[PDB]
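In structure tokens, the next block holds one chain alone, the form deposited without the named molecule.
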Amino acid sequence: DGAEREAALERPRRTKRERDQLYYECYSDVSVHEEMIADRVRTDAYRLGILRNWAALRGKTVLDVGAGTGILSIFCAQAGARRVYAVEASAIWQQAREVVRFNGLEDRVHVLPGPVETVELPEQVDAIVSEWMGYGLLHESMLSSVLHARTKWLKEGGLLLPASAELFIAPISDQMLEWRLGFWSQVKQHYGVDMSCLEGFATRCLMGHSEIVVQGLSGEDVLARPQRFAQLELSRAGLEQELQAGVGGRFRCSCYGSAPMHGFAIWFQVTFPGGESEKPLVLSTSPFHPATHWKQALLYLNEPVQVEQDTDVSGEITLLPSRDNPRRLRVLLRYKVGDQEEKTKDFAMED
């Protein structure tokens, strides 16, 4: 009976074990870590966000959830933490242990292999640090691992770095996309063959799909005031279950001027608590702000729509785990542009 109930869960439990393992394997190679650490905005935001809380970290214990090469854990030790548990489920944990030793910090930072969900710490911790954010914030679905660790291991009143997240959406015009669509009408001048009749085909291929595209934009690509559509306070009880139901909200905005609208961009920021005198540090992935390796996540309409000053853009957006793969971000979008009817598009993160 007890045994029968356990046997019934065995297949789903195993399948998840196996999907988790393939997810962690994405972090076994050097390139993703090179990219993360070359991202100075990301990495310095963590460095400074940690340093700013030095008075609260001095002599205290820290859990680094998903420590990777160990860099954030070493920041915490440099801020005066007495002990840091650097938990890492990917094989990169070996490189983290080497980095820790190479910096003479093997007494301060202990690298523990395996998922944070099952790791055994000697004690509860005074603080948790984690870089858990995926494309569109929630791709990878790592946030639930951080919350799991918090619930199990963070002391009452303990510190979370960062502490909260916000999501934003705006209508956009993608200049690179615009050039790719217009390419076919330029072939005649380059080569003497008129291929302008392929613009429709190009549009279907490049906009008619349902993949979320990771692409970096600039401020001038934004066609209306960005709208916050979600706020995640990481200490909030039951946030774990909300993630499974969907994160999102409704939006409305009004366009700045004339432009070919290609869709929407979403992006996020996270906030580190300020420390004693110090001010709250915001790590932003906005097109208005210095570029990061997250870029923005683009949600293309089926085809362009021309907008004008004060064209109204509204809708609803929800971020979900995808059906076949929980670690793949899915976006359900409802939107209405100007006097067009309301439309629906269901996206999944590109491979």
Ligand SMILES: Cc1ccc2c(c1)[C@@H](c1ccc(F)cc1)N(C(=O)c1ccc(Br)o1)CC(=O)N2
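One-based numbering along the sequence shown.
A second form of this protein, the form deposited with the named molecule bound, is not displayed here; the remarks below concern that form.
The site is blocked: after superposition of the local C-alphas, three or more atoms of the named molecule, taken in the deposited complex, come within 2.4 Å of this form's backbone or C-beta atoms.
Of the candidate stretches 239-247, 220-228, 198-206, 77-85, only 239-247 has residues whose heavy atoms lie within 4.5 Å of the named molecule in the deposited complex. Proximity of residue 262 to the named molecule in the deposited complex falls outside the 4.5 Å heavy atom cutoff.
When the named molecule is considered in the deposited complex, residue 181 lies well away from it, no heavy atom lying within 4.5 Å. Residue contact with the named molecule in the deposited complex: residue 57 places no heavy atom within 4.5 Å of it. When contacts are judged by a 4.5 Å heavy atom cut-off, residue 320 counts as touching the named molecule in the deposited complex. Scanning 109, 143, 128, 172 against the named molecule in the deposited complex with a 4.5 Å heavy atom cut-off leaves one residue, 143. Exactly one listed residue, out of 121, 99, 154, 232, brings a non-hydrogen atom to within 4.5 Å of the named molecule in the deposited complex: 232.
In the deposited complex, the residues of 327-351 lying within 4.5 Å of the named molecule by at least one heavy atom are, in order, 329, 331, 349.
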